[PDB]
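Each remark here refers to the structure printed beneath this line.
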Amino acid sequence: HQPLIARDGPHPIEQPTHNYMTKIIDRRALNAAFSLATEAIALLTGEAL
Amino acid sequence: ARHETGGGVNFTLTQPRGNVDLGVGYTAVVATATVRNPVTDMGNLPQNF
């Protein structure tokens with residue numbers, strides 16, 4: 001809401017301006033890596049138990 | 001006051017007001033304190049007749 005003043009001059013303000021602002025947000029995406037070794041797979045699975 | 005345009009309907013709201021200087025004499029002082037901007041650039045212009 002644009003705030004207004006009634007100015008002392010009788011000259012016309014001609015229009016007030018009241019509008020809506022729309023903004024597109026943005027997007028980013030994060031990253032990580034977890035890597036496991038060869039023999040660690042079979043030990044969690046049970047192939048080497 | 002209602003005004004009709006092709007773009008839209010205008011409403012203009014007015015309020016008449018009046019002023020009386022009550023004090024016989026000086027009731028108000030302006031005090032000039034600081035300076036911001038030499039809006040006139042102090043350059044060189046020749047006035048051409």
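Every read-out reported here was derived from the displayed coordinates using simple, explicitly stated rules and does not represent laboratory data. Positions of Cβ are generated from backbone atoms using ideal geometry, with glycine treated the same way; all protein chains shown enter the neighbour counts.
Residues in segment A:1-12 that are surrounded by 10 or more Cβ atoms within 10 Å (Cβ to Cβ) and facing another protein chain (nearest Cβ under 9 Å): A:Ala6 alone.
Scanning segment B:19-32 for any residue that is within 20 Å of A:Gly9 (Cα to Cα) and either outside any loop (DSSP other than H, G, I, E, B) or within 14 Å of chain A (Cβ to nearest Cβ) (or both) turns up at least one such residue.
Within segment A:5-49, the set of residues being outside any loop (DSSP other than H, G, I, E, B) and of a type in the set (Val, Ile, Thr) comprises A:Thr38, A:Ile41, A:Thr45. Checked against the criterion of being of a type in the set (A, V, I, L, M, F, W, C), within 14 Å of chain A (Cβ to nearest Cβ) and either closer than 15 Å to A:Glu14 by Cβ or loosely packed, with under 10 Cβ neighbours inside 10 Å (or both), the candidates B:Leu13, B:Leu45 yield just one match: B:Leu13.
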